[PDB]
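Written out below as structure tokens is the structure these notes cover.
What follows is calculated from the coordinates using simple rules that are stated; it is not laboratory data. Reconstructed Cβ throughout: ideal geometry from the backbone, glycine too, with neighbour counts over all protein chains shown.
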DNA sequence: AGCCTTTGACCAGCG
DNA sequence: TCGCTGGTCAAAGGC
Ligand SMILES: [Zn+2]
């Protein structure tokens, strides 16, 4: 729910590390842009980490 | 209508 | 080999 200035579309969600956390997978909405992030929530909905892969081919919108 | 989640299937690296 | 764990796909539904 927090923002970092980019547009992400969610392409999956999975339970990990023995149903302890749940991980959400997003990729950047800008065309041809291969950047993906994932973010990983605690059982209480609190966000633990955020993982960024790659870089955008466009600047911040 | 055109974006967006959600959800289970699919699949691939690895133990 | 085999089954587990995680990453993605595609089909549906919501706003
Ligand atoms: Zn991008």
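Which one of the conditions (1) farther than 15 Å from residue A:2 by Cα; (2) within 16 Å of the ligand (Cβ to nearest atom) does residue A:26 fail to meet, given that it meets all the rest?
Result: residue A:26 fails condition (1) only.
Name every residue in the stretch A:11-23 that is more than 15 Å from the ligand (Cβ to nearest atom) and in contact with a strand residue (DSSP E or B) (Cβ under 6 Å, 6 or more places away or on another chain), in order of residue number.
Passing the criteria: A:12, A:13, A:14, A:15, A:16, A:21, A:22, A:23.
Can you tell me which residue in the stretch A:34-58 is nearest to the chain's Cα centre (by Cα), limited to those that are assigned to a loop (DSSP other than H, G, I, E, B) and under 15 Å from residue A:5 (Cα atoms)?
Residue satisfying both the conditions and the ranking: A:35.
Quick check on my filter: what residues within the stretch A:1-15 are closer than 15 Å to residue A:60 by Cα, surrounded by fewer than 16 Cβ atoms within 10 Å (Cβ to Cβ) and more than 10 Å from DNA strand B (Cβ to nearest atom)?
A:3, A:4, A:5
Report the residue count in the stretch A:16-60 for those that are within 11 Å of DNA strand B (Cβ to nearest atom) and touching a residue at least 24 places away in the same chain (Cβ under 8 Å).
Selection size over the stretch A:16-60: 2.
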